[PDB]
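A.B. asks: Before I ask anything, here is the structure I am working with.
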Amino acid sequence: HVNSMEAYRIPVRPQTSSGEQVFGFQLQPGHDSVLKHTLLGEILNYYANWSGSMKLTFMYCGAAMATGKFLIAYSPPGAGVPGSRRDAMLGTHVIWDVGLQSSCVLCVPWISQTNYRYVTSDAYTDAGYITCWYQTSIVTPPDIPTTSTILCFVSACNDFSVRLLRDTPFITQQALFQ
Amino acid sequence: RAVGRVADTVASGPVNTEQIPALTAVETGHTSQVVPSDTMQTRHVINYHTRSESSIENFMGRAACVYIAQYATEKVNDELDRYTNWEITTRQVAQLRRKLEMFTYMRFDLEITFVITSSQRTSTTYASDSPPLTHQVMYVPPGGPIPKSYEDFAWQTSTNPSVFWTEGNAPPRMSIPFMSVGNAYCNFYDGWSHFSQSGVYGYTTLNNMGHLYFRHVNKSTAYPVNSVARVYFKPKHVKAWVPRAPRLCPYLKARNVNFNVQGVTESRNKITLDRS
Amino acid sequence: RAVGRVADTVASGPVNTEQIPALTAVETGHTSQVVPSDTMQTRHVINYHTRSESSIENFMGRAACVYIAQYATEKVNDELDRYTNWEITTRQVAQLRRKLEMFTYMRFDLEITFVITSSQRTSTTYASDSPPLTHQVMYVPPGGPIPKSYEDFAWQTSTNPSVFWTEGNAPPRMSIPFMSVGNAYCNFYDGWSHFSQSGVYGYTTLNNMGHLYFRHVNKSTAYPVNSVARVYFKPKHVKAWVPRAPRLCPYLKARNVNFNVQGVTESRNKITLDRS
Amino acid sequence: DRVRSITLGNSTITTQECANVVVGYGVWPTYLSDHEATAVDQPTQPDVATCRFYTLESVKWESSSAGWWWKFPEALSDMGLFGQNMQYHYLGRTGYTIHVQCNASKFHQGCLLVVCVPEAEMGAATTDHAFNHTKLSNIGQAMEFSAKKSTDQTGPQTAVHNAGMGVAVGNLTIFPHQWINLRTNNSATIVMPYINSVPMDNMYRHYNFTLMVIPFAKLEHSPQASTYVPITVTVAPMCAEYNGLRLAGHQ
Amino acid sequence: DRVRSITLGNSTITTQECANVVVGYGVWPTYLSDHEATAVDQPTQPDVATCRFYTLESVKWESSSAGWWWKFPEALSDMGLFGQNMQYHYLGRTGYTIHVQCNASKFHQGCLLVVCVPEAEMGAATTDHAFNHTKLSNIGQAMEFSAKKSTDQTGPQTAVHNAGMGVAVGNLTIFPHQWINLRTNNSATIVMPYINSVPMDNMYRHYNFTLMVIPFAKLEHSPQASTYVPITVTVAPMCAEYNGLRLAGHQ
Amino acid sequence: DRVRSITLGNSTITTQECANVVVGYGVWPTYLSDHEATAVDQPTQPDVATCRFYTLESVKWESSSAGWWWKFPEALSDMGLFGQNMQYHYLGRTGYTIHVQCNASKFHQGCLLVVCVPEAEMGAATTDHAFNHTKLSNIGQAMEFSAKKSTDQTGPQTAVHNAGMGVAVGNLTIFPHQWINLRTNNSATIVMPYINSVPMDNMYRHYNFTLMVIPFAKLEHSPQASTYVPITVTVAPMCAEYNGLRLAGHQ
Amino acid sequence: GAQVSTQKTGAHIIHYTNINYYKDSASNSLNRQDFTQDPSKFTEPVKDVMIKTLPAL
Amino acid sequence: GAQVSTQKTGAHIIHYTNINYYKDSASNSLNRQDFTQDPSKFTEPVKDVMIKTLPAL
Ligand SMILES: CCCCCCCCCCCCC/C=C/[C@H](O)[C@H](N)CO
Ligand SMILES: CCCCCCCCCCCCC/C=C/[C@H](O)[C@H](N)CO
């Protein structure tokens, strides 16, 4: 899916039972494969330390007649991954009601014991997990396609800072370009 | 609060309002300015962090090797000749090229530093006694008379800027002002060189910076010696405009932006996480 | 009286009092503040002595060798390779390690100085003539692209801090600020790296300072030359907290505090003294 | 307006079609006053670790669904540190922010009454017989009504038109309520204060209020629309305080 | 609000579901200042015969559409007196009002990124080979991306996830952009200023910016809805001025 | 004087032969300041349900006893709501009131050092081998030293004269300490502040300090006196606060 | 012509002196201490102002 | 920006000058002449004050 536009398209559909998971990834904005080639992720790979809160914006790209609720949760890294929507309702979360405003922002707060986390990941400065769950369902009228699309956007907040310049582990060369 | 210092977060309590800071519209082109104080209860934190390392002068102001020039005290062929040259460019190395190509137009002064090192060529004998080698790095502006050989008259450098350096001392260094005939250095040029939309496509037509000629000013050695001169560019007094997307694909050539098609990121096996 | 100057003793005469400065209680955790003026008759002495040498900046502010790095101009194996590296740590040498481990948390700026020396490897012949050797000491921050070989692209050092030094001159020296992601350098960490109390026990999980890569930037020599680079750390602007007990036992490893059990002090034959 | 954002602790509720907020009997929840207390020891007030949103399991709404009920504070007996504070304390006291949410479409139709009934003491299905407590309410399970009468030998009378209390189900609109009409309404939020005849109480031997969700107009739609609509209940405690610390209960 | 009216010259654009207007880098287009000019001759400024709206041909949006690009000012080379002034002058300078418009229904779904990329220098499909200029952009034709890679011997690399520039297509949101989400958005208007490193330039040998229109969420609908949705691009020059009058070009 | 009363929460300690109170490094425990915090979310502070006295199991003091150690906050992992708040939170921060108590007689003799060592990182008994965490400290069990060296393949080096840290045991009197001399002293109370290089920390992967109790003069008495003397440790958290609420840990 | 400026120090003898030696301003050192910024050209470049609390549409 | 300070001399032409050359405070020399101290955190860290002349218990 990485060799097409299918990589950006988070699929949702009407469900048979509620509380299933939509997606999930570790909050490693310079090391995780989901976030390290984004525009925020590429700047952080020039640096060794990062600090601050982040903004995950979501965008429902389905039909205007389709409704839905979602729970997007952030978990601090102590207990492990949340295993259900009951496990995810205990951390920092937001319930998003899909309506006339197509977008919602989950603000990931800086909950750390150090003032800086590392860009290349380690176990001392682990930042936690981001998961999304069906709060209710997708309910549509007839004559509408089943699968819809959600787009996820990342950006930094106004308390974000980076530190300790380095070379990025993304560009390589074996000889001089002639 | 000082310039360059990040913002504090304010103490926020519970809400039940008709205000909706979490709900927005990406379709407007607008990035939402949501603070953690808007969507959850926070405490008052006095943040003392600074954006020092992230400035354009601090991100760019480190010297990076841009060319490795090779020349000898005895000619093998015209690649290992007595002298060599280099058309001045920033696109042959990949580390500095990716940093400059994050912007469309830049405007900076330069510091050029040379790390020249010699080595004795492989021979059947090495036992000699030679005086210390001295090198010349002459800059030729675009359109000047270039050295066509060793022992040339063009190395008289009466109006071209030259530098001389004996091995053993500190590395040579000079400063270069902003040299473009426009108002900024163009990292990208979406166009052609001829008015009929033909010729050369790309940024190559906007790069006329001249050549840099290297030699040994010593006449001879007892046994041949190969030299290598590394060229280090550090940009200072940097302005930059129109920030570009970072490059995904590695480079193939120095005069093109040509690439091989690659995926947008590295993969994983499924879209969820599955533990407790 | 100036700051750092010791106290004078006051003239005291005979006493017959209900006061008892000699009698105290160790059970309270209190160290008694008894002066010689309290238990015997003294004279007035104006003490001019100072506690200059005993300051934390003066006790720590001397450069100590922390690593000996070896690399050659011709590879024998990957231990005597063209290049070498060192994970930055203070625990491989015992003199600086015992001085730092008198405190639990410290916070200092650094001075790193290199004493690089070369020597000609044992051969059947040595009669050559080589240009002066130049070395590179590139610092790689935690998570950067490391040199996988000689002739690597990662030695282009466009954003990593590098230094270049020709043999014969003064030793190279740079200054390093306080680099921890916490508020102090932890000399000790009583814990684990994973939340399940497993993985790595000790201070190793709180030491992510990066690597230090060494090479010869000269391409070749006529006969192979072995180099040795000594790394010297001098801490400056030092703060320190929670003073530790000094270590009795010698060290065994660099990543542990593991020891062999030893007695508390050296012995003697009896508990008394027996002459006149 | 139709938009509303409720933030409690580290949790946020957003709604784009909100009717309004019903606040109790006109009273906002608050902590107990000094001139109304009885216990003398200092209370504990975990302000954000307990007064946050806790969501329950969804229930499938069908055409033949009669309704569901939840009894509180026993519905949140295992929900984080709200459940850990109930076990270690003899007394407790809290108000709630109940948020019921159900979206369908512009092509569905239905209406749900959402009442909060204080002291909804239920009768027995088989009379002259006392019933079990796990039939009244499990720990977070939605106990559900029936369309006809119940003949359970140890359960409540779950006929929905009598509402389990021997009253008319149409007269429940004196208790604090909203409606979720699928034509216009997406969710329904009720803020309940603390209602009791004593200032604090034990949170195990007493169900302080019961949340009922009852379809008055049943769910019907075309067969080619989405046949599954869930009803999720998200409840936040408010100004929760506790007294009487001892060992973990609850017998 | 969602309504907006843009009037330039003898032409008007009306929109009933407008998101907003994105204005460039926060800069409105204007004429060149006296302390920034280089050429000495008097410029010509046809204020209403050139700074009017010029609409291009529609493109059919399908489910398997990868995207389209237009390169400017070469996209308007024959559009009235804007095209006649390019031929007779050596230098030119202008900002634009790009207006992309696509309506479907409340029963369709899709999303289009509409970016304006300054100096969108494209690589070659077959490398070690220079490409033709008519494959980069014809005079008003929409040059279109592909879902997979291109093996054209004299064309650009039209794989859409690399955007022709060797970058990630997801990172194009630093350039001035909007989105057309069919759920909520009808059109998208971008006002671009003049972006160049020189104050005026030749309008034939240089593509100053490239307008890309890329489906991020693809178009899907029921088969019994309208299977044809077009995407029309209407572009107005703004504060266009010219210098260096000679014979008609453009070689 | 020799009398002292310490009241924290719903618990009181009385002592009739008190030496004094040792307060840390001269610092009383307090809550984190706004100019020193890093996390942005609101902390939770259960003031009396957590900052109360929790007593551990007694240890039998013998003539051949080498000593015992407890590692904190892992020694109170299951002690009421202090243990429930550790499981639900990523970060925590607290100071302590350690109270060690041991009475014998006017006919017994002995002396115990009671040290609080911050970051008492212990070496391995069998070297070139990493040890298990349950040998360092169980949940409330007193881990005990030995008179001679340990040859445990996965345990710490429990020889008491090296104190597990490779140092001289006589030099532990720089850490905050008291002595229990049975001739004069009944108990020993130490108030520790929060000592760490970070303002908050995780309370599972890190032992912040270790309480050691070491007989310097061994217990000896007549055989016709009481042959059993216990040593009880009562610890109260102080100004405990938490951050990072998520599901119950602790992996 | 000495410019005494403030050194880069942390937060909880702090000055340096600079003399310019050459007659060209391109010969000068780097401007390390200039941390000015305004990100509203990129993050919020819309014509009508968009308040956070109000609905965007 | 010259800081003239007192040199380390004995007890029974005594000043030095310092110019800071670099823009970072970590580039500065050592703080050799700071002899402040207070040992009551370790030697007498008890809650109630203990006068020497009075009995400790
Ligand atoms: C022997 C003395 C040598 C003196 C060296 C003078 C050479 C420097 C003069 C030209 C400087 C060109 C600077 C290059 C800038 C880049 O090409 C732009 N980023 C791209 O346009
Ligand atoms: C070629 C240029 C070399 C530049 C050298 C930069 C290397 C220094 C950066 C890291 C400094 C780490 C300082 C180490 C502190 C100790 O580990 C602490 N006492 C223990 O945590």
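Residue numbers (this note's numbering), protein chains in the order written: chain A, 86 to 263; chain B, 55 to 330; chain C, 55 to 330; chain D, 22 to 272; chain E, 22 to 272; chain F, 22 to 272; chain G, 1306 to 1362; chain H, 1306 to 1362.
Positions of the beta carbon are idealized from the N, C-alpha and C atoms, including for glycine.
1. 9 Å is my cut-off, CB to CB: does G/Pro1350 come that close to chain A?
2. Taking 8 Å as the cut-off, is the C-beta of C/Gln190 nearer than that to any heavy atom in ligand 2?
3. Where in the segment 264 to 300 of chain C do unbroken runs of the beta strand (DSSP E), each at least 3 residues long, occur, reported from the N-terminal end onward?
4. When you measure from the CB of C/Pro215 to every non-hydrogen atom of ligand 2, does any distance come out below 8 Å?
5. Residues in the same chain with beta-carbon distance under 7 Å from D/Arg73, minus the five sequence neighbours each way, listed in chain order, please.
6. Going by beta carbon distance, what residues of the same chain come within less than 6 Å of F/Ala269, once the five residues before and after it are set aside?
7. Can you find a CB in chain B that lies within less than 9 Å of the CB of A/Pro227?
8. Could you name each continuous alpha helix (DSSP H) segment of 4 residues or more that falls completely within the segment 109 to 178 of chain C, going from the start of the chain to the end?
9. Looking at the C-beta of residue 331 of chain B, does it have a partner C-beta in chain C at a distance below 9 Å?
10. For the beta strand (DSSP E) holding D/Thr172, just list the boundary residues, first then last.
11. Which residues in the same chain have their Cβ closer than 7 Å to the Cβ of B/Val311, if we skip the five residues on either side of it in sequence?
12. D/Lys239 lies in the beta strand (DSSP E); which residues open and close that run?
13. Can you list, in chain order, the residues of its chain with a C-beta nearer than 7 Å to that of E/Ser79? Leave out the 5 residues immediately preceding and following it.
14. To test your reading of the DSSP string, which unbroken beta strand (DSSP E) runs of 3 or more residues are found completely within the segment 196 to 264 of chain B?
15. What residue from D/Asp22, D/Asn41 and D/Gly45 has the CA that sits closest to D/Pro197's CA?
16. Using the DSSP secondary-structure output, state which residues sit across from B/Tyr193 in a beta bridge.
17. How would you write the range of the beta strand (DSSP E) that F/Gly131 sits in, first residue to last?
18. Any heavy atom of ligand 1 closer than 8 Å to the CB of E/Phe128?
19. Taking Cβ-Cβ distances below 8 Å as the criterion, which residues of the segment 117 to 148 of chain B are in contact with chain A?
20. Ignore the nearest five residues each way along the sequence and tell me which others in C/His291's own chain have a CB closer than 7 Å to its CB.
21. Roughly how far, in whole angstroms, is the beta-carbon of F/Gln63 from the beta-carbon of B/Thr96, given that I think they are within contact range, below 8 Å?
22. Which residue marks the beginning of the alpha helix (DSSP H) containing D/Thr155, and which one marks its end?
23. Do you know offhand how far C/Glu155's Cα is from F/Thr231's?
24. How many Å lie between B/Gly317 and E/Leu133 at the Cα?
25. Contact defined as beta carbons within less than 8 Å: I believe E/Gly144 pairs with G/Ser1345. What is the distance between those atoms, to the nearest angstrom?
26. If contact is defined by three or more beta carbon pairs under 8 Å, each pair taking one atom from either stretch, is the segment 84 to 94 of chain D in contact with the segment 219 to 235 of chain D?
27. Closer than 8 Å between beta carbons: that is the criterion. Which residues of the segment 91 to 109 of chain D meet it against chain F?
28. Below 9 Å between beta carbons: does that hold for C/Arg269 and C/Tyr204?
29. Applying the 10 Å Cβ sphere with the 16-neighbour rule, what's the burial state of D/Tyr75?
30. Thinking C/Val296 and F/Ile216 are a contact (beta carbons under 8 Å), I'd like their distance in whole angstroms, please.
31. Buried or exposed, going by whether 16 or more other CB atoms sit within 10 Å of the CB of D/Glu140?
32. Does the beta carbon of C/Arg298 come closer than 9 Å to any beta carbon on chain F?
33. So with CB distances below 9 Å, who are the chain G contacts of H/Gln1308?
34. Using only alpha-carbon positions, find the residue among F/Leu97, F/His227 and F/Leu77 that is nearest to F/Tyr111.
35. Using beta carbons (cut-off 9 Å, strictly below), is residue 28 of chain B in contact with chain E?
C.D. replies: The answer reads as follows:
1. Position 45 of the seventh sequence holds residue 1350 of chain G. G/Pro1350 does not count as touching chain A.
2. The residue labelled residue 190 of chain C in the question sits at position 136 within the third sequence. Yes, the beta carbon of C/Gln190 sits closer than 8 Å to at least one heavy atom of ligand 2.
3. 265 to 270 and 279 to 297
4. Sequence index remark: in the third sequence, residue 215 of chain C carries index 161 (1-based). Yes, the Cβ of C/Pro215 comes within 8 Å of a heavy atom of ligand 2.
5. Numbered from 1 along the fourth sequence, position 52 holds the residue referred to as residue 73 of chain D. Around D/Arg73: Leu29, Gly30, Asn31, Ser32 and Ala257.
6. Sequence index remark: in the sixth sequence, residue 269 of chain F carries index 248 (1-based). Around F/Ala269: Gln108 and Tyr109.
7. Taking the first residue of the first sequence as 1, we reach residue 227 of chain A at position 142. Not one chain B Cβ lies under 9 Å of A/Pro227.
8. 110 to 114 and 148 to 154
9. Outside the displayed range of chain B (55 to 330) lies residue 331 of chain B, so it cannot be described from this structure.
10. The residue labelled residue 172 of chain D in the question sits at position 151 within the fourth sequence. Element bounds for D/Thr172: n/a, residue is neither H nor E.
11. Numbered from its first residue, the second sequence carries residue 311 of chain B at position 257. Excluding positions up to five away in sequence, the list reads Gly256.
12. Counted from its first residue, the fourth sequence places residue 239 of chain D at position 218. It spans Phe230 to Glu241 - the beta strand (DSSP E) in which D/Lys239 sits, taken as one unbroken run.
13. Working through the fifth sequence from its first residue, we reach residue 79 of chain E at position 58. The answer, listed in chain order, is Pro251, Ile252 and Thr253.
14. Counting only runs of 3+ residues, the beta strand (DSSP E) found wholly inside the segment 196 to 264 of chain B occupies 218 to 220 and 227 to 230, in chain order.
15. As a first step, residue 197 of chain D is located in the fourth sequence; it is residue number 176 there, counting from the start. Of D/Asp22, D/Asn41 and D/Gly45, the residue nearest in Cα terms is D/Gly45.
16. Taking the second sequence and counting its residues from 1, the one referred to as residue 193 of chain B is at position 139. Bridge partners of B/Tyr193: B/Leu266.
17. Start at 1 with the first residue of the sixth sequence, and residue 131 of chain F comes out as number 110. Segment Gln130 to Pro139, the beta strand (DSSP E) holding F/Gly131.
18. Within the fifth sequence, the letter at position 107 stands for residue 128 of chain E. Outside the cutoff, so no.
19. Correct list: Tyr121, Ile122, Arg145, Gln146, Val147 and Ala148.
20. For the purposes of this step, residue 291 of chain C is taken as the residue at position 237 of the third sequence. Same-chain partners within the cutoff: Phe162 and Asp163.
21. If you number the sixth sequence from 1, residue 63 of chain F lands on position 42. If you number the second sequence from 1, residue 96 of chain B lands on position 42. Between B/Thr96 and F/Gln63 the Cβ distance is about 6 Å, and since that is below 8 Å, they are a contact.
22. In the fourth sequence, counting from the first residue as 1, residue 155 of chain D sits at position 134. Its alpha helix (DSSP H) spans residues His154 to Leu157.
23. The count along the third sequence starts at 1 and reaches residue 155 of chain C at position 101. The count along the sixth sequence starts at 1 and reaches residue 231 of chain F at position 210. Looking at the two C-alpha atoms, the distance is approximately 18 Å.
24. The count along the second sequence starts at 1 and reaches residue 317 of chain B at position 263. The count along the fifth sequence starts at 1 and reaches residue 133 of chain E at position 112. Near 20 Å, if we compare the C-alpha coordinates of E/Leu133 and B/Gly317.
25. Here residue 144 of chain E corresponds to residue number 123 of the fifth sequence, with the count starting at 1. Here residue 1345 of chain G corresponds to residue number 40 of the seventh sequence, with the count starting at 1. 33 Å between Cβ atoms; not a contact.
26. yes
27. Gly101, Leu102, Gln105, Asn106 and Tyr109
28. Translated into the one-based positions of the third sequence, residue 269 of chain C becomes position 215. Translated into the one-based positions of the third sequence, residue 204 of chain C becomes position 150. Contact: yes.
29. Along the fourth sequence, one-based indexing puts residue 75 of chain D at 54. Burial call: buried.
30. In the third sequence, counting from the first residue as 1, residue 296 of chain C sits at position 242. In the sixth sequence, counting from the first residue as 1, residue 216 of chain F sits at position 195. So it is a contact: roughly 6 Å between Cβ atoms.
31. The residue labelled residue 140 of chain D in the question sits at position 119 within the fourth sequence. D/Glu140 is exposed by the Cβ-count criterion.
32. Within the third sequence, residue 298 of chain C is the residue found at index 244, counting from 1. Chain F contact via Cβ: present.
33. Residue mapping note: residue 1308 of chain H aligns to position 3 of the eighth sequence, counting from 1. Ordered by position in chain G, the residues that pass the 9 Å Cβ test against H/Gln1308 are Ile1318 and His1320.
34. Translated into positions along the sixth sequence, residue 111 of chain F becomes position 90. Taking only the C-alpha atoms, the option nearest F/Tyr111 is F/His227.
35. Outside the shown range of chain B, which is 55 to 330, sits residue 28 of chain B, and nothing can be said about it.
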